[PDB]
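Next up is one chain by itself, shown in structure tokens, the form deposited in one PDB entry.
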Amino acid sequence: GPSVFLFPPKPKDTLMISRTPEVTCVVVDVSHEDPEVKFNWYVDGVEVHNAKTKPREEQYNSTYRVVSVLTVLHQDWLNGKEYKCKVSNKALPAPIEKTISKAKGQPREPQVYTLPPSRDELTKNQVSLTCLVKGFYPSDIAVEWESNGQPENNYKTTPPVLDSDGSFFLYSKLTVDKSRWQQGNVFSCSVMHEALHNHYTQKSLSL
């Protein structure tokens, strides 16, 4: 019957005390004969009652959709306390228990490196700026680009890729006009991760 999907807090939310991380328990495919949905939240097996469940909203294919949000602490997620969403519906045989938490392993300090555009690409109107981050663990990390103190708009970040040593890596490309690079403009790659001290480090890139 109903399908339960659990979404972890975003990487930036847990790493910054200003932001508020949340775990989302989305349930879809809810029929009208059994529309009521009940959520049970557990933290390391201990039930909590500080969640906020919103009323069911009917979708466009004759089914409802219910979302339950549990607020988590910054250190609790960084300590990896598992969060279990137990969804109970009268059409289900047994309540569905979905569990998610931080990736099991040892936090390794990320290594951020920046690469200038290739000399062959200098003949084009568009050049590529490369930010290489390697050796970080777990895979939840934030990569951003800014210049002159303001963020850049047209940049892309590749998904993390697991290496052979048990750590992840990814690439970030910022494409700017060749005139901007030749004028010695400073482009920086901001990286936020759990292993980083204060969860922040930065490297500058320029001609």
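For clarity, a rigid core is taken as the largest C-alpha set superposing within 1.5 Å between two forms. Residues that one form lacks are left out of the comparison. Numbering starts at 1 and runs along the sequence shown.
Keep in mind that the form solved in complex with a partner chain is missing from the display, and what follows is about it.
Though the partner is left out of this view, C25 does not reach within 4.5 Å of its partner chain in the deposited complex, counting heavy atoms only.
Heavy atoms of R19 reach within 4.5 Å of its partner chain in the deposited complex, making it an interface residue.
Within 4.5 Å of some heavy atom of its partner chain in the deposited complex lies at least one heavy atom of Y200. A residue is said to contact a partner when one of its heavy atoms sits within 4.5 Å of a partner heavy atom; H74 meets this definition for its partner chain in the deposited complex. Relative to the superposed core, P55 undergoes a Cα shift of 2 Å or more between this form and the one not shown. Listed alone, the shifted run between this form and the one not shown is 54 to 57, counting only residues present in both forms whose C-alphas move 2 Å or more over at least three consecutive positions once the core is aligned.
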